[PDB]
Amino acid sequence: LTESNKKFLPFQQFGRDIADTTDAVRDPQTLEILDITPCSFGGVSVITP
Amino acid sequence: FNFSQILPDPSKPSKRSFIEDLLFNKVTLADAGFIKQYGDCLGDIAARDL
Ligand SMILES: *[C@@H]1O[C@H](CO)[C@@H](O[C@@H]2O[C@H](CO)[C@@H](O)[C@H](O)[C@H]2NC(C)=O)[C@H](O)[C@H]1NC(C)=O
Ligand SMILES: *[C@@H]1O[C@H](CO)[C@@H](O)[C@H](O)[C@H]1NC(C)=O
Ligand SMILES: *[C@@H]1O[C@H](CO)[C@@H](O)[C@H](O)[C@H]1NC(C)=O
């Protein structure tokens, strides 16, 4: 969860990307916009003789 | 015969000829996968980066 500069409309709560997953949320206690990024990943390869 | 257009140009950082530079400028290579190295993707921007 990272701080974001998205300009939410006052009636809007959640934000959606192209794939229709949740990308930006609004914190319900303090009115702040948070971006959701998936955690770090990648491929693993083994080079061996 | 003049071969200066297809012979390599040492002034360029990558040793490519004038016609090769023209072709590389004509093709817009949009599939740059591992150039990002996931750091620029981890820094999230409001613009929709494909
Ligand atoms: C062979 O062709 C090249 C390119 O046409 C000539 O080199 C010069 O190239 C520049 C562009 O980088 C042109 O603006 C110049 O007009 C070209 N000529 C000169 C005299 O500078 C090169 O001279 C040609 N060589 C021969 C033997 O024909
Ligand atoms: C809305 O647009 C203005 C100017 O067009 C820009 O400064 C601002 O950052 C935008 N808000 C966003 C991208 O959330
Ligand atoms: C309760 O929610 C309101 C809504 O904005 C907020 O201003 C206030 O700080 C919250 N109080 C606590 C104790 O979290």
# chains A, B, ... in the order shown; residues from 1 in each chain; ligands from 1
call {"tool": "residues_near_ligand", "arguments": {"ligand": "ligand 3", "cutoff": "10 Å", "atoms": "only C-alpha atoms and all ligand atoms", "output": "PyMOL selection string"}}
result
chain A and resi 27-31
call {"tool": "closest_atom_pairs", "arguments": {"of": "chain A", "to": "chain B", "cutoff": "8 Å", "atoms": "only C-alpha atoms", "output": "Markdown table"}}
result
| residue | atom | partner | partner_atom | distance |
| --- | --- | --- | --- | --- |
| A:4 | CA | B:46 | CA | 7.9 |
| A:5 | CA | B:46 | CA | 7.3 |
| A:6 | CA | B:46 | CA | 6.6 |
| A:35 | CA | B:44 | CA | 7.7 |
| A:37 | CA | B:42 | CA | 7.1 |
call {"tool": "closest_atom_pairs", "arguments": {"of": "chain B", "to": "ligand 1", "cutoff": "8 Å", "atoms": "only C-alpha atoms and all ligand atoms", "output": "Markdown table"}}
result
| residue | atom | partner | partner_atom_place_in_ligand_line | distance |
| --- | --- | --- | --- | --- |
| B:1 | CA | ligand 1 | 28 (O) | 7.3 |
| B:2 | CA | ligand 1 | 1 (C) | 4.9 |
| B:3 | CA | ligand 1 | 1 (C) | 6.9 |
| B:4 | CA | ligand 1 | 2 (O) | 5.7 |
| B:5 | CA | ligand 1 | 4 (C) | 6.6 |
call {"tool": "residues_around", "arguments": {"residues": "residue 22 in chain B", "least_positions_apart": "6", "cutoff": "12 Å", "atoms": "only C-alpha atoms", "output": "list in words"}}
result
residues 5, 6, 16 and 28 of chain B
call {"tool": "decode", "arguments": {"residues": "range 24-38 of chain B", "atoms": "N, CA and C atoms", "output": "mmCIF file, in the first residue's frame"}}
result
data_model
loop_
_atom_site.group_PDB
_atom_site.id
_atom_site.type_symbol
_atom_site.label_atom_id
_atom_site.label_comp_id
_atom_site.auth_asym_id
_atom_site.auth_seq_id
_atom_site.Cartn_x
_atom_site.Cartn_y
_atom_site.Cartn_z
ATOM 1 N N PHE B 24 16.030 1.286 -37.866
ATOM 2 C CA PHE B 24 15.787 1.219 -36.428
ATOM 3 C C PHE B 24 14.938 2.387 -35.943
ATOM 4 N N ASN B 25 15.062 3.554 -36.578
ATOM 5 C CA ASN B 25 14.174 4.663 -36.254
ATOM 6 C C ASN B 25 12.784 4.478 -36.852
ATOM 7 N N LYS B 26 12.680 3.783 -37.989
ATOM 8 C CA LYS B 26 11.372 3.575 -38.608
ATOM 9 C C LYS B 26 10.534 2.570 -37.829
ATOM 10 N N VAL B 27 11.152 1.517 -37.300
ATOM 11 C CA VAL B 27 10.405 0.564 -36.484
ATOM 12 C C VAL B 27 10.300 1.112 -35.066
ATOM 13 N N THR B 28 9.070 1.259 -34.578
ATOM 14 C CA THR B 28 8.818 1.666 -33.201
ATOM 15 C C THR B 28 8.670 0.408 -32.350
ATOM 16 N N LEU B 29 9.730 0.054 -31.630
ATOM 17 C CA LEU B 29 9.768 -1.175 -30.838
ATOM 18 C C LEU B 29 9.081 -0.908 -29.506
ATOM 19 N N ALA B 30 7.843 -1.385 -29.372
ATOM 20 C CA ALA B 30 7.050 -1.158 -28.172
ATOM 21 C C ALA B 30 7.126 -2.298 -27.165
ATOM 22 N N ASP B 31 7.740 -3.428 -27.520
ATOM 23 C CA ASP B 31 7.820 -4.583 -26.626
ATOM 24 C C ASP B 31 9.187 -4.614 -25.939
ATOM 25 N N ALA B 32 9.346 -3.724 -24.963
ATOM 26 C CA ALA B 32 10.553 -3.636 -24.145
ATOM 27 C C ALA B 32 10.216 -4.220 -22.774
ATOM 28 N N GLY B 33 10.428 -5.525 -22.627
ATOM 29 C CA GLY B 33 10.018 -6.227 -21.427
ATOM 30 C C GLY B 33 10.943 -6.081 -20.236
ATOM 31 N N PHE B 34 12.188 -6.534 -20.373
ATOM 32 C CA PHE B 34 13.138 -6.519 -19.268
ATOM 33 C C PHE B 34 13.966 -5.244 -19.208
ATOM 34 N N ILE B 35 13.668 -4.257 -20.054
ATOM 35 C CA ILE B 35 14.288 -2.942 -19.915
ATOM 36 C C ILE B 35 13.770 -2.247 -18.659
ATOM 37 N N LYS B 36 12.519 -2.528 -18.275
ATOM 38 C CA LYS B 36 11.927 -1.936 -17.077
ATOM 39 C C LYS B 36 12.630 -2.401 -15.807
ATOM 40 N N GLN B 37 12.990 -3.691 -15.745
ATOM 41 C CA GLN B 37 13.653 -4.360 -14.617
ATOM 42 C C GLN B 37 12.845 -4.298 -13.321
ATOM 43 N N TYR B 38 11.525 -4.097 -13.433
ATOM 44 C CA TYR B 38 10.517 -4.140 -12.369
ATOM 45 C C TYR B 38 10.640 -3.031 -11.320
#
